[PDB]
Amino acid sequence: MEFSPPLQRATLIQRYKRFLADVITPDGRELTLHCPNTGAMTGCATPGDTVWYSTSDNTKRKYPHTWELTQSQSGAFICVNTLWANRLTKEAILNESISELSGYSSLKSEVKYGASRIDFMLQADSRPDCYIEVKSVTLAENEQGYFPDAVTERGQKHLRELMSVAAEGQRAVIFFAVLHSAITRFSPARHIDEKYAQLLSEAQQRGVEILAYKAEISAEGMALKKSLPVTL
């Protein structure tokens, strides 16, 4: 997808209170951005990093600018606004960048199915229903990507739900959208949430497919393109 209109740049002073960031624009003035990420944002919010923000045109809200990307001091692009993940995924399924998910005749979003909600469900006359859970990956240590970047009991629960989907003979996919341009491989963060990492291995055992695709990212746009090796 393309950022429309294109993003503007600034220099980070600090992210604070989770949802706010003070930045300095190219004119040397201060500006407060909405930070649409509630997580730790490890490696994504270093004072002095360049940030890229969008502008909401027709709103009277207090902070009509949103922090979209970080361009780290080592030159890497990071999409900190992980609220784009589902859209990038849908776009990549439909344009067939994600080959493992081609050959379905319909795509539905936000499907409530059980006594739980799935990000996408793919369907076809000849095939079992395909359930896709989308996860965002912004944690990098050099080239190694990790999820989660803090313990997640909610993540653990959804992972268990996917196992039930597979057990019932549906196709079940967990899809890690990799939003940091430095990442070249993916693993669960066993060192951070050991239980999640264990559940991820167990889900694989029980037939949940695990994919990780990397986004190409610039101030102009982002697109999921490249598949990445996963090591449990």
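Don't overthink the numbering: it's just position in the shown sequence, from 1.
Mean CA B-factor, 65 to 73 versus 193 to 201: the higher value falls on 193 to 201.
When the C-alpha B-factors of 205 to 213 and 12 to 20 are averaged, 205 to 213 comes out higher. Within the selection 89, 81, 138, 116, the deposited Cα B-factor values reach their highest point at 116.
Comparing the C-alpha B-factors of 51, 174, 178, 166 in the entry, the top value falls on 166.
Sorting the modelled residues of the chain by their CA temperature factor places residue 134 in the lowest third. Among all modelled residues in this chain, the alpha-carbon of residue 56 has a temperature factor (C-alpha) in the middle third.
In the PDB entry, a CA B factor belonging to the lowest third of its chain's modelled residues is recorded for residue 42. In the PDB entry, residue 121 places in the middle third of its chain by CA B-factor. Ranked within its chain, residue 32 lands in the lowest third, by CA B factor from the PDB record.
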